[PDB]
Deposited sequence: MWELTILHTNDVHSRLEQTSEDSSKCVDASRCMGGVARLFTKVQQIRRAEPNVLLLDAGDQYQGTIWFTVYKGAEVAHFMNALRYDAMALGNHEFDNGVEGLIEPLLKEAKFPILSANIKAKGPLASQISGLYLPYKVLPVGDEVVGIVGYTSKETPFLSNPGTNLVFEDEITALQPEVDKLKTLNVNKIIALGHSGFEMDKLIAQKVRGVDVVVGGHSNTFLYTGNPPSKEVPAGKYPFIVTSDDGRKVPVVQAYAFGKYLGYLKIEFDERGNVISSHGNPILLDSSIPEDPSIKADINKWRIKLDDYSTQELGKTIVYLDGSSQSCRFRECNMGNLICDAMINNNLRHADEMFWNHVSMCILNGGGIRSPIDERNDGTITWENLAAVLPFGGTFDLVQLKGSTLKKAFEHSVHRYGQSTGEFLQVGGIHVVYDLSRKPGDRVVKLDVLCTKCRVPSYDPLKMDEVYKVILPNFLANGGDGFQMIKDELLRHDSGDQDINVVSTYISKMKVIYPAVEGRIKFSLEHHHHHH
C-alpha cells in the first residue's frame, strides 16, 4: 500500500511574485494568490505530513512577466532550486530564447533533472547538450524507486525557436520504448510528465503501456472534484481516469496554470507497482497560506532590477482590460479590440491605397489581463505581461478566399481553449458552430479603404485586402498555413509592445468595449 504524494505545477509562466486571481500584477497584497514563496510554504507543510513526496513541473516556466524579460531563465533555475523540485519536463516556451537561451540559464543551472523523451538532438549539438536533459530519470522515493519519462509538444518548432537541430518526435512513439527500458530495469512505478496538453495526456495514458500516472500542462487545464475554490470552471474530475487499452485505470492530472493552484494527488501502489487508489485535488494557493519569509526576502532581492520598468505610467484604463484566455480564446475580448485598434491607429497615423482598415490577432497571443482598480494606472510591466513575446505587427495583403480560410480556421476546433481564435480590428464576423468545420462563417463584413466614407461591406472572395497582424501569424503560426502560403505581399511592422505603448501614451485614458465585432448564432 506504498503511498506516493505527487505535487505539481504547469505553465507557471514567470509568475514568481504573488498575483491577482486573474494572474495579473498584485495590487491588494492581502487578497493576492500564487507566488513561489507561498508555494514553498504549502510544499513544506505537505513534505512534513507526508512521507513520499515528489514536486514536479510539466514545463512552461519560461515567458510571461518582466521576471523572464530581464533574468531570461536564471530566475526559473534559482527559485525552482530553492523550492527543491524533484523533476521538470520541457515545455515549448523553454525554447523561446533559443537553445543557448535554455542551455546557459536553465539546463546548466538546474540542480534537478530536466526531461523530454521525444526531443532528439542531432549534429554537433548532441555532444554539447549531453545529459543536460534526459528522456527519463529514475528517482529514489524512500525505500522504493520511481521512474519519470518526459515529453514535449510536437508543435514546439511552430510555437517557439528550438532551432533546426532538434527533432520533435510523436510522443507515444518516442515514449513506449523508454518505458519498456525502465520496465526491464525493474522500474514498476512510472509517471509520464510532459507538455503537450490534456487531449495528448489522455492518449499517453490510453496508449503508452506501463504508465501509472500522467502529469501534464500546456492546455492550462483545471481539473477538480467537487465545489471549485475560485472562478475556474473544471473540464473534468481530478484526477481524470483514463481506461487504458491494456486494462488499467490511469489517473491524468493538470494544475490550471500561472502557479495559482498546487496539484495534489495521493496514490496507493501495490508491491508490483500498480495503482489501487488515486485521489486528491489542486490546492488553491492564497492569502490563507503565508509566503515563506526567506523566499519572499530573496524574491525582493531579485525585484531591484525589475523596479526600473514599472517606474513610468503610459496611461490609465477606466475599464477592466480583459486579456484572459477564457475570454480572448472563446469570444470577443476588449484587450483584443484595444490591441487591434492600436495597430490600425499606428498605421493610419502615417498613411485609398496605403490605408489599412483590417486587423487579425490570435487570441492565444494575448498572454495577460490588466486590472483597472489601481487608480486606472498602466505601466511597461503591465504591458510586458500582456505581450511578452517580442514580435511585431506586420502588414500583409490577402485575397477574400485566404481571409475566409483563416476565419474558418479560427473556429475549426472551437471549445478547446485553442489560441488560433482571432480577435479583430475593423472586421465584423458571425459564426454558426452548428455547421460542419470549414463552413462555420455565415457572415464576414470588412471595413473599406477604396471608399471616401468607410463603411462595412460584405467580404469579396476575389478582392485584395490589407490586414495588420502579428508576425507569428504572417509566418503561418497557429496553423494559418494559408496566410504564409497564399499571402500576396508582406511588409514587416514595429515591435508589438511599442505599438500598443505608443497608443496608450496617445489616448491617455482608454475604455475598450465588447461591441459585436465577433458574433454567434
- Message: Without any C-alpha position in the structure, which residue ranges of the deposited sequence would you list, numbering from 1?
- Response: 352-354, 525-532
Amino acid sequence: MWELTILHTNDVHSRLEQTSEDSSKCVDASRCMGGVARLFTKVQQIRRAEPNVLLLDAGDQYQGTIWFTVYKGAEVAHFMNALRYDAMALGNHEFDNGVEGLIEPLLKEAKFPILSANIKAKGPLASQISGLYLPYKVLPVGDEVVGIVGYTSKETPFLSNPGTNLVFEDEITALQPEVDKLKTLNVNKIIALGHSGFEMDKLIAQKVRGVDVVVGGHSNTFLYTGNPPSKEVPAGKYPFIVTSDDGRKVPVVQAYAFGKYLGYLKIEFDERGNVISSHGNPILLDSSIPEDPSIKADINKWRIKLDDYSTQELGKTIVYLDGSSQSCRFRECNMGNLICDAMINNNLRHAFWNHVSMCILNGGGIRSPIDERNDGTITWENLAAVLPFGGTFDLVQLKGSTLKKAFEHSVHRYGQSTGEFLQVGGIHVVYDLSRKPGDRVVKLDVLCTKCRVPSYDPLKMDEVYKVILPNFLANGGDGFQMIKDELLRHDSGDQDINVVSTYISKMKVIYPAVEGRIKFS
From here on, numbers count along this sequence of modelled residues.
- Which of the two stretches, 272-280 or 75-83, shows the higher mean Cα temperature factor in the record? 272-280
- Stretch exceeding the other in mean C-alpha B-factor - 407-415, 327-335: 407-415
- According to the deposited entry, which of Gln312, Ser368, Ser196, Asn345 has the largest Cα B-factor? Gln312
- Item | Top Cα B factor in the deposited entry, candidates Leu223, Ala192, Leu115, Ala126 | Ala126
- Item | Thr9, C-alpha B-factor rank within chain (lowest, middle or highest third) | lowest
- Task: Pull the Cα B-factor of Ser434 out of the PDB entry and bin it into the chain's lowest, middle or highest third.
- Result: highest
- Message: Sorting by Cα B-factor within the chain, modelled residues only, which third would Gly476 end up in: lowest, middle or highest?
- Response: highest
- Item | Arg47 - Cα temperature factor, lowest/middle/highest third of chain | middle
- By the entry's values, the third containing the CA B factor of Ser505 is the highest
